[PDB]
Amino acid sequence: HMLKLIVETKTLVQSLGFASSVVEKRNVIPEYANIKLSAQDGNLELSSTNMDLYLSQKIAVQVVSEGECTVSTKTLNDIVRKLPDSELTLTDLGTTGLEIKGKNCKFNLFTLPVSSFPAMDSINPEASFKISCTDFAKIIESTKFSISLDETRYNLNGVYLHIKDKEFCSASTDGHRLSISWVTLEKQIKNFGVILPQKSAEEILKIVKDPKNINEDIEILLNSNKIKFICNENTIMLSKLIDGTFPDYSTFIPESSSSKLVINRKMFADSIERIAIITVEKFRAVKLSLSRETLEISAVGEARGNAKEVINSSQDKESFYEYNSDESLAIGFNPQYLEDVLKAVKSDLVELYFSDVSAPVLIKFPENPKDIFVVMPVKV
Amino acid sequence: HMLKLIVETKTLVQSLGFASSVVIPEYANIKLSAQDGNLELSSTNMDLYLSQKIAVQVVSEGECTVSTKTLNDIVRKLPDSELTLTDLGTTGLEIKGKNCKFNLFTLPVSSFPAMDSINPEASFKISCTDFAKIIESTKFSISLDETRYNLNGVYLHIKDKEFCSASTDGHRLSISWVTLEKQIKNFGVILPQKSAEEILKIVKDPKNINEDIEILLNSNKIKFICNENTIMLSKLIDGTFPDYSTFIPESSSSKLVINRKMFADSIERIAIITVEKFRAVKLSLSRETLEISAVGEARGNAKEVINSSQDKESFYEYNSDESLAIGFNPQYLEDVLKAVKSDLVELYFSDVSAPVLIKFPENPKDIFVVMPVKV
């Protein structure tokens with residue numbers, strides 16, 4: 001019937017931060033903005049949903065009376081974050097509302113009937129397996145930034161999660177670049193390939209990176225229509241899948257290269273970002289003028305000016321630069337697309353493999369053999 | 001001659017921050033003038049003109065003009081401890097670090113306005129600390145209503161030896177003052193909101209806050225010379241400031257003394273439940289307790305109880321056997337409570353429809369009035 005429970009405030013604040021990262025709040029079209037609270041068997045289950053995903057979080061509380069209700073996510077989040085008490089009492093007071101009670105204060109939040117809150121789908125899986133949260137965060141971190149934002153390219157608006165032999169892999173592309181990242185499974189899993197929407201990839205990454213989950217495991221259960229994540233037993237996320245066919249990306253990886261650059265990753269990344277400052281949105285491009293002696297990174301911006309930075313050949317790790325060719329190469333890239341790759345993998349050095357000015361660059365990190373990136377150039 | 005100078009990056013970044021908070025097309029530009037060991041950076045908008053001088057190594061004297069935003073964008077991300085600026089003519093202004101070069105389009109200096117001259121009717125000096133105080137205590141209750149343009153600034157005015165800033169938006173009054181030693185000709189002028197905000201930031205800078213500011217004014221313009229090297233000229237709102245003394249209660253029948261932070265934190269919590277259409281908290285005052293409560297249509301309601309206490313950290317004392325339930329916009333109370341750093345705050349009441357007067361003990365030259373709302 002009527003919920004009543006005592007919960008540690010800090011724990012509730014953390015769960016509501018996750019609820020807040022799910023809940024609909026754009027205020028252009030109708031939204032369902034409530035959170036469902038369910039007290040059962042020593043746990044409070046907090047459920048949040050948007051049109052892409054359903055999140056269920058369970059936290060241990062002192063259940064005085066079992067029950068469920070729903071209230072405004074934002075109002076509950078906003079109040080609980082400002083209460084000083086180490087613990088709070090939550091009591092469903094019926095027409096009076098859900099009461100949030102600390103030592104000196106009481107808030108009544110009007111409820112909405114539980115029947116108004118979307119049903120949690122059941123998932124009957126075709127395949128399921130478990131991997132570490134550390135391994136899953138890695139392949140998502142390495143591929144979430146190059147998802148397409150173009151709705152007409154509906155099959156590119158997510159990450160392609162798939163099995164090839166013993167490798168669990170994530171791939172993403174927006175037509176301008178490709179990212180691929182994988183981890184080796186120990187058990188042979190049924191082959192599958194599904195497209196996880198960007199919004200779900202962002203939320204499940206936040207979940208598995210939480211300190212309580214990052215060193216734990218995540219179970220993945222899926223069929224061709226839906227996917228379920230069970231992260232460290234007590235957090236369940238259900239997601240829709242994008243109905244479509246991810247392209248055969250193996251054709252996109254250059255089979256050979258005419259020159260190779262090795263350079264300190266942070267130095268390269270900092271220089272690109274600096275030089276890109278002069279650019280405008282209508283022409284986001286930096287020019288890499290590569291030679292054995294120096295690399296000149298330059299850019300122009302209409303009605304702003306131009307910019308140039310020189311990186312000299314060097315064998316010191318902190319300033320490393322080596323370009324293995326007697327020939328020069330002047331080739332342009334969108335600096336955001338280079339920065340996305342450079343920030344994705346924490347590595348001392350980075351390798352860039354080129355062919356001609358009109359062909360893509362292949363980017364790899366030396367201690368990271370299971371991450372691959374391809375970026376097409378732009379005319380400069 | 002062509003400008004060329006070497007400048008400490010951190011000091012140039014700081015100057016460009018002030019120039020950027022100020023910013024016709026030529027008003028998006030910054031004028032750079034290297035002369036006599038100083039770089040003068042000039043910035044202007046339709047209300048004000050700002051001139052800053054910073055010491056640099058002047059290699060060659062000269063002046064030029066560039067986009068404020070482009071210059072600010074580049075300098076704030078260069079890692080070098082010092083930068084070389086060189087007007088290269090057809091190439092533009094060169095901003096040079098150890099390994100990077102930026103060239104910015106320059107614009108003609110003949111297109112950049114000079115700072116207007118002022119013939120002052122009144123001029124005086126006060127400390128930057130005192131000037132910061134009176135602006136800090138009054139900038140939050142300036143009107144944002146364009147239909148009441150004479151309220152869209154602070155009223156800087158003198159009464160005998162008291163130099164006052166006052167502001168009102170029709171819902172509250174803030175007034176803060178400093179006693180001058182010199183006899184100054186009577187004046188009263190309205191400093192626009194953007195100019196009050198900019199000169200406050202300048203006087204609060206660490207290099208100025210312990211120094212002095214000279215104020216020179218007539219009925220059309222006001223000039224601030226802050227610690228010699230930063231000069232801001234501002235237009236004044238041409239108009240008549242209203243008789244704000246009508247906010248001051250003729251008398252008060254009850255008084256609340258309460259811990260300031262405790263009060264502000266409880267108002268802030270209870271106000272969460274309100275909606276934009278009815279931003280109000282209810283204070284139900286009695287000798288034993290204060291109940292702070294609020295309602296929000298289709299959202300809910302809330303209540304917090306504060307018990308009488310003589311402990312400094314939880315202080316509450318209300319001097320009357322009568323109960324008083326009176327409402328306020330919580331933002332107008334929070335504005336006042338955050339304006340003055342004090343352990344306690346005092347609130348003086350009469351009836352539910354009359355204003356509250358607020359003061360902070362040990363701050364006798366700051367007075368605030370907030371009108372109630374029906375609850």
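Below, chains carry the letters A, B, ... as their sequence lines are ordered, and counting in each starts from 1. All values below come from the heavy atoms of this structure, side chains included, with hydrogens, waters and symmetry mates left out.
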[X] side, atom [atom1]; [Y] side, atom [atom2] - distance, nearest 0.5 Å:
X: A:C105; Y: B:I270; atom1: SG; atom2: CD1; result: 6.5 Å
X: B:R269; Y: A:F107; atom1: CZ; atom2: CZ; result: 7.0 Å
X: B:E297; Y: A:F110; atom1: CD; atom2: CZ; result: 9.5 Å
X: A:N108; Y: B:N301; atom1: CG; atom2: CG; result: 4.5 Å
X: A:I277; Y: B:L78; atom1: CD1; atom2: CG; result: 6.5 Å

Please look at B:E291 and chain A and tell me whether the side chain, the backbone, both or neither of the residue comes under 4.5 angstrom of a heavy atom of that chain.
->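 Contact with chain A is absent: no heavy atom of B:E291 under 4.5 Å.
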
Where on B:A294 is there a heavy atom nearer than 4.5 Å to chain A: the side chain, the backbone, both, or neither?
->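 No part of B:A294 comes within 4.5 Å of chain A.
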
Cationic N near anionic O, under 4.0 Å, B:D265 to A:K82 =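 No, B:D265 and A:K82 are not salt-bridged.
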
For the residue pair A:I278 and B:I74, establish whether any side-chain heavy-atom pair is separated by less than 4.5 Å.
->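 They are in contact (side-chain heavy atoms under 4.5 Å apart), so the answer is yes.
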
Donor on one side chain, acceptor on other, A:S72 and B:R299, under 3.5 Å =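 Short answer, no.
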
